[PDB]
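Colleague: Please find the sequence and an experimentally derived structure below.
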Amino acid sequence: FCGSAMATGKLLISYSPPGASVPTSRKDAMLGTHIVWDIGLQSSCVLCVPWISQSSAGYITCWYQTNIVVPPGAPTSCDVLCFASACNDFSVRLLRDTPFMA
Amino acid sequence: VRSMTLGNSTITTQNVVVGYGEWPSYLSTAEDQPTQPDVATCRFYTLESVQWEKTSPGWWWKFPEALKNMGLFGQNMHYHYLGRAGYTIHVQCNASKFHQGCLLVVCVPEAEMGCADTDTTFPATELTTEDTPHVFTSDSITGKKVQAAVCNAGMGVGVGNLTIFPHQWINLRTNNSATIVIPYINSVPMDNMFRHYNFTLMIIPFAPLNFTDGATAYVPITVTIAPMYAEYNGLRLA
Amino acid sequence: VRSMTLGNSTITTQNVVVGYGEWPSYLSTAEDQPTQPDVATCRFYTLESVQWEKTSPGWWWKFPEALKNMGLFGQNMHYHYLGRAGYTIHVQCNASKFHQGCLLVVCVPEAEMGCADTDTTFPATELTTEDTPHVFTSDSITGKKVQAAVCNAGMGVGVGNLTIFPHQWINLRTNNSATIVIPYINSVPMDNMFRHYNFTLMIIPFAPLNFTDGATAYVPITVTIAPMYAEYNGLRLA
Amino acid sequence: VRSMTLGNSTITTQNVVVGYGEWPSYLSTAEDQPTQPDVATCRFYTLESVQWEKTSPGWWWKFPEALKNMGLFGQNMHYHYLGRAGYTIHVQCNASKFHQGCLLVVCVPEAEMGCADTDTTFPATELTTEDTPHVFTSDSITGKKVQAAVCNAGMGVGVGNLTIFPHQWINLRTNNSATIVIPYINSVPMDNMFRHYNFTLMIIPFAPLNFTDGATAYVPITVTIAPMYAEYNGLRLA
Amino acid sequence: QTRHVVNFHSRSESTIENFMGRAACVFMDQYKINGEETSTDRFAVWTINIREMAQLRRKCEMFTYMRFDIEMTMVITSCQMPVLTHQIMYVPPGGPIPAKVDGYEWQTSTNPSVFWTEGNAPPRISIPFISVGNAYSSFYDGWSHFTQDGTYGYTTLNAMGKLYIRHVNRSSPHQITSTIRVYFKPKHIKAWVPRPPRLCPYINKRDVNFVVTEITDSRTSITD
């Protein structure tokens, strides 16, 4: 969370399994897998998404649990950066040519 | 900062008021045998966040049936007609440093509320709207509904001395979070979860919210309930 | 007479053919973690009884998805997209003492069946009608459906030497019950339960039913499946 | 708060990202003998502070020759034609508590940058202006100079996955200071300090600066470099 | 296709030697046998560098520094006689080059060359780590000539040599047009200092110049 040091709110980060459908509402995301990430306490919440392979995948949605509460001095609109890597160890087998290069 | 987790629900927290000095527990017969779900049920059910403005008089939720549409706990209410639970209730406020105010977070077992115009009753959809809270009012009201004026919260008592119950103050000067554990107060070991409202979580702002013309015009209050030690009747033969 | 019980389902039974000499077992990684339901799932799912007349050519069921509407096992198929199970299959016949006949109760893993008029395919609702069985036919048939003529059961093989699979004869002279345990034969440890039919329970009358003009004109065949050691993928984070 | 001092230069600091897990060290021959200055050279060379507004796209410095006019280190570059060093780089931001933003402080060894209009080169004064930084641009540019558009920082790579190098995030919510130690990455033990730019300290604002109408319209970023374990060739006979 | 349980645990195919050490065709060229006694179309050149084709070039730019033996095997054809014999002369970085098919450089004892006659197995010639430094540099943020002169980005440390190829047959009755395919392969490869992958397409084979490309493919909204 790259907002102010005075901005405070909650975000609800839901994960859908690879077969399931996306939550259409915040309550339906709360009934599945989620983490109510309090911004005012910690500013960096870490996941670890399993069952990621190919040879119809999951979803990382994010919801307003609460709005961003801000004092009169700090700005109202903030940003959230995301990151991604291999969680513990990663398995990979069959080398090929990349599609990007032409 | 402690990141509690239960099942597939993790919240982020920042002292617990154990209601009546007791921690919820199981009931411990072959004539009547309880079923202990344990699986799921115990996860955190975060309700919808409630905006607290300068003119908000209060709110109340009536449990156990406030969770009647909340997942497996709200689905085991339809298959078993007897049950009991513990309901760890976290109440955050995540206001700023320039906001001021104070809340009474109290649980009030057996809150029998009174109708607005006496000599009649209310249509039973005025006590509870499952997930969403019924607000109080600042003055007296009429009509076939609950007399929801503060200073006489629901029961005809003074609202100031509502502190006799399991309570917690949320003074935005000092703290923001409250947590209450309510170990199933009832006169029968198991009761139906749709007829009987075991307790009434009501959040009442004593000192009103105040701020200046730059802050956000509200403070969202977040309510989270974890049904602990929920056990039900048996469905199998003996 | 042994009265087996599993969960909340008790049947009454009267030797087990363990398929390929192996008893089903669990798969035993943090990159992929299975969930073992154990609770429910293992109970007995009795299908609808099937009347066996003098002119019945046979039946087949395609599992795992024959149980797609059977309780929690048929509901965990919709929430998890990977799974495996064992399927203890009891087949009673409860005929009389004056009825005669013989059945082949065989399981046939990976029964890829052929269309009735080749050069085309069938509309996918011809292989399975969940609970109810597709019957075979006594002669050849046409149309966009399964070539269900016996002597070429589904796969273009001889129906007599279908005994290579886990089988059991039900000779009404001697016995009436069959039981087969099929320890999840597949080339991948877990697979989707709606795309892939792991095996095909087909019951084929070799010697036809016969009786005189006083007996009941049929013999009801009762099929009971107990999904053993069912495990699924994980839905929680790591 | 730790008040580090080196020679006659003291700074005031508030965790170190040791680049590639190695601390700079000396090279340990009579055919070629290095000279270790130790005296001076190791002191802190604070560059000019850089104002970070809401519309700043980024900056870059090219070392070792960014210090080409900095004291004895910038004077030993003219007398010795071979050298190596370590360059502890402190990056403070000293913003307020109501400012918000985020920086990527990355070092990028061997940042070969691309010309703005390809089919030609740039006049060599576009990569570096000794002490002062070349800014990036928000969009594409033309002319005989460096293609300094962010999202393609200098090298034609994605600017988001520039985190593979020795980096440090400066999130003004949490921290303000960064420190990186870069242990002389090169394919030859000693190289000329005017031809070859060993690494490129580039500071890139991912989340832009934001504030309200009362704060200061900028945040000064302070860069401080301490050349560690600098050693040169020998000038004496053998 | 369908999403299967891809269950295994292996990273032996992700090591550097199992990622870079793969033979790829890097040089097709024609060269005649007769006519035009002073011509440049009777032999091949191919200055050896990793920046030949963009598919391999992209893999060498994962890493800043790398050192490796190279083991190339030519595949020589012919069109249109006797049995033909070829010559694949590798000159080192310090080595004289021919100007014509009949130059005296072809007879230099310090330029190793294979004499492959047609019909046999393909000729294989292996070259060790030649460079003066301690590794080949994929990128060189520096100037060849001191005091910021011309030729940005080109160091002389990552020079690998050249590969002059000709027929040894002096003449022929008719025209024979031979085609050679050089199969480059890194061997015993080490690599230092990882580096983010190339995003933009390549422009030229001696520079890093590029057109500003978008980061990823765009989608409609942030939530779809």
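Modeller: Received the coordinates, thanks. Numbering: from 1, shown residues only, chains lettered A, B, ... in the order given.

Colleague: C-alpha from now on. contacts and neighbour counts both.
Modeller: Noted.

Colleague: Distance check, the residue nearest the centre of chain B against chain E.
Modeller: A centroid search over chain B (CA atoms, centre = their mean) returns residue B:201, at 3.1 Å, as the residue closest to the centre. To chain E, residue B:201 is 36 Å away according to CA to the nearest CA, to the nearest Å.

Colleague: cool, and residue A:6?
Modeller: Distance of residue A:6 to chain E, computed by CA to the nearest CA: 26 Å.

Colleague: That residue: how many residues sit nearby?
Modeller: 24 (other CA atoms under 10 Å in any protein chain shown).

Colleague: what are the bridge partners for the residue nearest to the centre of chain B, then?
Modeller: Here residue B:201 sits in beta bridges with residue B:61, as judged by DSSP bridges.

Colleague: Which stretches in chain A count as strands?
Modeller: Under the criterion DSSP state E, chain A contains strands at A:10-16, A:33-38, A:59-64.

Colleague: Mind checking those strands for the one nearest to residue B:39?
Modeller: strand A:33-38 (14.4 Å; CA to CA).

Colleague: by contact count, what packs against that closest one?
Modeller: Packed against strand A:33-38 by the contact rule (3 or more CA pairs under 8 Å, 6 or more residues apart in numbering or on different chains; DSSP states H and E) you find strand A:10-16, strand B:9-11.

Colleague: in its sheet, what does that strand sit against?
Modeller: strand A:10-16 (antiparallel), strand B:9-11 (parallel).

Colleague: Give me the spatial nearest neighbour of residue B:117, chain neighbours excluded.
Modeller: Using CA to CA, 6 or more residues apart in numbering or on different chains and skipping the chain neighbours, the partner closest in space to residue B:117 is residue B:142 (5.4 Å).

Colleague: Verify the stated contact: the one you found with residue B:120.
Modeller: No - using CA atoms under 8 Å, residue B:142 makes no contact with residue B:120, being 11.4 Å away.

Colleague: what about the residue nearest to residue B:117, which SS state?
Modeller: coil (DSSP: H, G, I helix; E, B strand; the rest coil).

Colleague: again with residue E:190
Modeller: The three-state label given to residue E:190 by three-state DSSP is strand.

Colleague: Surely it touches residue E:69?
Modeller: No - contact criterion CA under 8 Å: residue E:190 and residue E:69 do not qualify, at 9.9 Å.

Colleague: Burial check on residue 62, number of neighbours?
Modeller: Picked chain A for this. Neighbours of residue A:62 under the rule other CA under 10 Å: 17.

Colleague: actually it's chain E I care about, not the one you picked
Modeller: Residue E:62 has 17 neighbours, counted by other CA under 10 Å.

Colleague: Backbone dihedrals for the residue nearest to residue B:117, please?
Modeller: Taking degrees, to the nearest 10, you get phi -120, psi 170 for the backbone angles of residue B:142.

Colleague: Next one: it from residue B:135, what distance?
Modeller: 15 Å (CA to CA, to the nearest Å).

Colleague: Tell me which of the two has more neighbours.
Modeller: In terms of neighbours (other CA under 10 Å), residue B:135 is the more surrounded of residue B:142 and residue B:135; the figures are 18 against 12.

Colleague: and the more buried one, what does it touch?
Modeller: By CA atoms under 8 Å, 6 or more residues apart in numbering or on different chains, the residues touching residue B:135 are B:57-60, B:148.

Colleague: Taking those together, which two end up most distant?
Modeller: Top of the distance list for those (CA to CA): B:57 and B:60, 10.6 Å.

Colleague: Overlap in contacts, those two.
Modeller: B:135-136.

Colleague: quick one, helices of chain A?
Modeller: Applying DSSP state H to chain A gives helices spanning A:26-30.

Colleague: now the residue in it that chain B sits nearest to: how far from chain C?
Modeller: For chain A, the residue closest to chain B is residue A:72, as judged by CA to the nearest CA, at 3.9 Å. As judged by CA to the nearest CA, residue A:72 and chain C stand 38 Å apart.

Colleague: and residue B:72, that one's in a helix?
Modeller: Yes - under three-state DSSP, residue B:72 sits within a helix.

Colleague: My guess is it contacts residue B:39. True?
Modeller: No - applying CA under 8 Å as the test, residue B:72 and residue B:39 come out as separate, 9.3 Å apart.

Colleague: In terms of packing, which of those two has more residues around it?
Modeller: residue B:72 (18 against 10).

Colleague: Run through the residues that contact the more buried one.
Modeller: Applying CA under 8 Å, 6+ apart to residue B:72 gives the contacts B:40-41.

Colleague: Also the one 3 residues further on?
Modeller: Going by CA under 8 Å, 6+ apart, residue B:75 touches B:68-69.

Colleague: tell me the secondary structure for it?
Modeller: Quick answer, by three-state DSSP: residue B:75 is helix.

Colleague: What's the local residue count around the residue nearest to residue E:214 when sequence neighbours are not counted?
Modeller: Distances taken as CA to CA, 6+ apart place residue D:151 nearest to residue E:214, at 7.6 Å, with adjacent residues excluded. Counted with other CA under 10 Å, the neighbours of residue D:151 add up to 21.

Colleague: Tell me the spacing between the one residue in chain A that gets nearest to chain E and residue E:62.
Modeller: Nearest to chain E in chain A, going by CA to the nearest CA, is residue A:91, at a distance of 5.3 Å. Residue A:91 sits 20 Å away from residue E:62, going by CA to CA.

Colleague: does residue B:66 count as helix, strand or coil?
Modeller: Per three-state DSSP, residue B:66 ends up helix.

Colleague: Same check on the one 3 residues further on?
Modeller: Classification of residue B:69 using three-state DSSP returns coil.

Colleague: okay, now it: neighbour count?
Modeller: Close neighbours of residue B:69, defined as other CA under 10 Å, add up to 15.

Colleague: how about it, what does it touch?
Modeller: With contact taken as CA under 8 Å, 6+ apart, residue B:69 is in contact with B:75, B:130-131.

Colleague: Go again with 10 Å.
Modeller: Shown in contact with residue B:69 (CA atoms under 10 Å, 6 or more residues apart in numbering or on different chains): A:27, A:31, B:75, B:77, B:130-131.

Colleague: In PyMOL, how would I select the buried members of the residues you listed?
Modeller: A single PyMOL command is used to select the members of the contacts of residue B:69 judged buried by 16 or more other CA atoms under 10 Å in any protein chain shown:
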select buried, (chain A and resi 27+31) or (chain B and resi 77+130+131)
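
Colleague: Tell me the one of the contacts of residue B:69 nearest chain C?
Modeller: The shortest approach to chain C among these belongs to residue A:31, at 12.2 Å (CA to the nearest CA).

Colleague: got the buried residues for the longest helix along chain E?
Modeller: Longest helix in chain E, counting residues (DSSP H): helix E:54-60. By 16+ other CA under 10 Å, the buried positions in helix E:54-60 come out as E:54-58, E:60.

Colleague: Ok, stretch E:212-224 next?
Modeller: residue E:212.

Colleague: Put the alpha carbons of it into CSV.
Modeller: The C-alpha trace of stretch E:212-224 is given here as CSV (Å, rounded to 0.1, in the frame of the first residue of the first chain):
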residue,chain,number,x,y,z
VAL,E,212,9.1,2.3,-26.9
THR,E,213,6.7,-0.7,-26.5
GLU,E,214,3.8,-1.2,-24.2
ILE,E,215,4.3,-3.2,-21.0
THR,E,216,1.7,-5.9,-21.5
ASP,E,217,-1.3,-6.5,-23.7
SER,E,218,-4.2,-4.2,-22.8
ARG,E,219,-7.5,-5.3,-21.4
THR,E,220,-10.8,-3.4,-21.2
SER,E,221,-11.1,-2.6,-17.5
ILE,E,222,-9.2,-3.2,-14.3
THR,E,223,-11.8,-5.7,-13.0
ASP,E,224,-12.7,-7.8,-16.1
